[PDB]
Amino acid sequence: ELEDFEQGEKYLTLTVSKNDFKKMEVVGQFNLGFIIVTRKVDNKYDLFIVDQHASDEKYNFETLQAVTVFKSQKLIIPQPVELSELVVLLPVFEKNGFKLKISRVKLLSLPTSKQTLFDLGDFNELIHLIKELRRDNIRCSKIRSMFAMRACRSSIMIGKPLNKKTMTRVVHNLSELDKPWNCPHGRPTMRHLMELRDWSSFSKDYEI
């Protein structure tokens, strides 16, 4: 049944551009969990269904990934490291709580949290994550996971009644992101409902 999920995300990558979102219009809220939207551009007229939580979350998440400077623990005695890979070590390390002094590398600060421990395996993970484009928003899995939970907890809840103003912001915000088809947990943000091409509606009132 997962093929129906794949073709949905495949359709979105071709049918929906960054600008397409800015021109989308909110129809209303469906079952207190969905935003029904229209998109009419050129000869294309389609309805899309947006998940209010997942779409709000993908925005908050991507914002945290790009802007947040993670808090670090200023080390008591600096620790060295050997690489090769040395040319990769970018101020993406400073954003991830790695203040450095630059095989002769010097680790001045390590990121810290009251709910998790950070090590050299995370610094090397971030060294390998750059190997796999935009590199300024790259985060080590530990940090990424924490931002994914921050976004999930702060975002619009399913079952929350929303007004046009809020729903409009939620949809339009998606134009700021690259291919925002999924939330950080891999859940879909939106899907195409139907194309409104040939709907020959009632017109008797203008007929003579």
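Position 1 is the first residue in the sequence shown; the rest follow in order.
- According to the record, the deposited sequence contains 1 to 3 residues between residue 132 and residue 133 that were left without coordinates.
- The gap between residue 89 and residue 90 holds 1 to 3 unmodelled residues of the deposited sequence.
- Stretches compared: 64-72, 48-56. Higher mean C-alpha B-factor in the entry: 64-72.
- Mean CA temperature factor is higher for 13-21 when stretches 13-21 and 187-195 are set side by side in the entry.
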